[PDB]
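The chain contents come next:
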Amino acid sequence: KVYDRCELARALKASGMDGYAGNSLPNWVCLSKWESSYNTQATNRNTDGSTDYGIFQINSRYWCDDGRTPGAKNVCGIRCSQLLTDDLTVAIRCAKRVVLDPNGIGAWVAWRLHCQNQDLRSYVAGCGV
Ligand SMILES: CC(=O)N[C@@H]1[C@@H](O)[C@H](O[C@@H]2O[C@H](CO)[C@@H](O[C@@H]3O[C@H](CO)[C@@H](O[C@@H]4O[C@H](CO)[C@@H](O)[C@H](O)[C@H]4NC(C)=O)[C@H](O)[C@H]3NC(C)=O)[C@H](O)[C@H]2NC(C)=O)[C@@H](CO)O[C@@H]1O
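Looking at the method and resolution fields of the entry, one finds X-ray crystallography and 1.6 Å.

So, in structure tokens, the structure goes:
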């Protein structure tokens, strides 16, 4: 599914992402936009054999099992395929686990690049959330 920006903002707010581990909602909408253009089916293969999956582009070296990644740890304890559904439940559950590690939201390259230190008001403007 390709989510609409406010549609995604509502689903994230409903799921307790607003303020999760101290990260306000706009943070999550901004990273989703730059990581996947709001597409739950987005996939990106890396030079290292890993692949990034879903709306949050979660990497198969550490978080999920895709059966073809060298030295994979599967910390979320899921199949990477579960990160590509229209339903965001599993992706959200795994994103919540990722941000608890020491690097926090800095785990996401797109966040470090396009969202960190920026004015993110625009990402939730007009959503009424
Ligand atoms: C630019 C590019 O090629 N790639 C990006 C890709 O980097 C993004 O995926 C990110 O990959 C990085 C690099 O592998 C991941 O960071 C590692 O994350 C693990 C897990 O948190 C860290 O190990 C943790 O280390 C802490 C501190 O020592 C320990 O407390 C924990 O025990 C250990 N946890 C476990 C469970 O092993 C490791 O240190 C990180 N490495 C570095 C150098 O920071 C990052 O998690 C990952 N992000 C996501 C969202 O999957 C990816 C997404 O932006 O896109 C591009 O492909």
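Once the structure has been displayed, the description carries forward.
Our focus in this paragraph is the UniProt feature "disulfide bond" in the protein. At 2.0 Å between sulfur atoms, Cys64 and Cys80 form the disulfide that UniProt records. Taken together, the residues span a long stretch of sequence, with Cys64 in the loop between β3 (58–59) and α3 (89–98) and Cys80 in the loop between β3 and α3 at a distance of 16 residues. For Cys64, a relative accessible area of 0% puts it in the buried group. Accessibility expressed as a relative area gives 1% for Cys80, which makes it buried.

Before going further, it helps to spend a moment on the site of the ligand. Neighbouring residues of the ligand: 15 residues in total, closest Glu35, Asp52, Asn59, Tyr62 and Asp101. Between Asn59 and the ligand, the recorded distance is 3.0 Å, taken from a backbone N or O atom to an oxygen atom. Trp63 is positioned such that a nitrogen or oxygen atom in its side chain is 3.2 Å from an oxygen atom of the ligand. Here the ligand loses 55% of its free accessible area of 1,000 Å² to cover by the protein chains. A breakdown of the residues in the shell around the ligand according to their chemical character gives eight nonpolar, four polar and three charged.

This next bit is on the packing of aromatic side chains. Scanning the entire structure with this criterion turns up two aromatic pairs. Note on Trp28 and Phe56: the rings are 6.5 Å apart at their centroids and 70° apart in plane angle, and the pair reads as edge-to-face. One end of the pair, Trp28, is in helix α2 (residues 25–36); the other, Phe56, is in the loop between β2 (51–53) and β3, with 28 residues separating them in the sequence. Of the two residues, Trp28 and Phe56, neither departs from the other in class, the shared state being buried.

This brings us to the sheet that holds β2. One open sheet accounts for three strands, arranged β1-β2-β3; its pairing is antiparallel. Two strands bound the open sheet, and with one partner strand each, they are β1 (43–45) and β3. By the bridge criterion, two bridges tie β2 to β3 in an arrangement that is antiparallel. For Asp52, the partnering residue across the bridge sits in β3 and is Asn59.

Turning to the state of the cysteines, a few remarks are in order. Counted according to the given criterion, the structure contains four disulfides. Each sulfur of the disulfide joining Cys6 and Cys127 lies 2.0 Å from the other. The sign of the -75° torsion about the S-S bond sets the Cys6-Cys127 disulfide as left-handed. Pair noted here: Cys6 is in helix α1 (residues 5–14) and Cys127 is in the segment after α5 (121–124), with a separation of 121 residues, a long-range link. Judged by its relative accessible area of 11%, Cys6 falls in the buried class. The class for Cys127 is buried, based on a relative accessible area of 10%. Between the sulfur atoms of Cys76 and its disulfide partner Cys94 the distance amounts to 2.0 Å.

Let's shift gears to the packing of α1 against α2. Two elements in contact, α1 and α2, have axes whose closest approach is 10 Å; the angle formed by their N-to-C orientations is 130°. In this view, α1 runs oblique relative to α2, as classed from their interaxial angle. Our pair here, α1 against α2, has a crossing hand that is right-handed. Here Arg5, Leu8, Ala9, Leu12 and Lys13 of α1 come into contact with α2, specifically with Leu25, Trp28, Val29 and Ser32. When its residues are assigned to classes, the contact of α1 with α2 shows six nonpolar, one polar and two charged.

Analysis parameters
- Residues numbered from 1 in each chain as written, not as in the entry; some residues may be left out.
- Heavy atoms only, no water.
- Disulfide = S-S within 2.5 Å.
- UniProt positions renumbered as here; feature names shortened; annotations may be inferred.
- Helix = DSSP H or I, 4+ residues; strand = E, 2+ residues; numbered from the N terminus.
- Buried < 20%, exposed > 50% of the residue type's maximum accessible area, 1.4 Å probe, protein only.
- Near = heavy atom within 4 Å.
- Polar contact = N/O pair within 3.5 Å; in protein donor to acceptor, adjacent residues only side chain to side chain.
- Areas by Shrake-Rupley, 256 points an atom, 1.4 Å probe, with all protein chains shown as cover.
- Nonpolar A, V, L, I, M, F, W, Y, C, P; charged D, E, K, R; others polar.
- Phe/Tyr/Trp six-rings, centres within 6.5 Å; stacked < 30°, edge-to-face > 60°.
- Pairing = 2+ DSSP bridges.
- Axes fitted to C-alpha atoms, helices over the stretch in contact; angles between N-to-C directions.
- Parallel < 35°, antiparallel > 145°, perpendicular 65-115°, else oblique.
- Left-handed = near helix turned anticlockwise from the far one by under 90°.
- Contact = heavy atoms within 4.5 Å.

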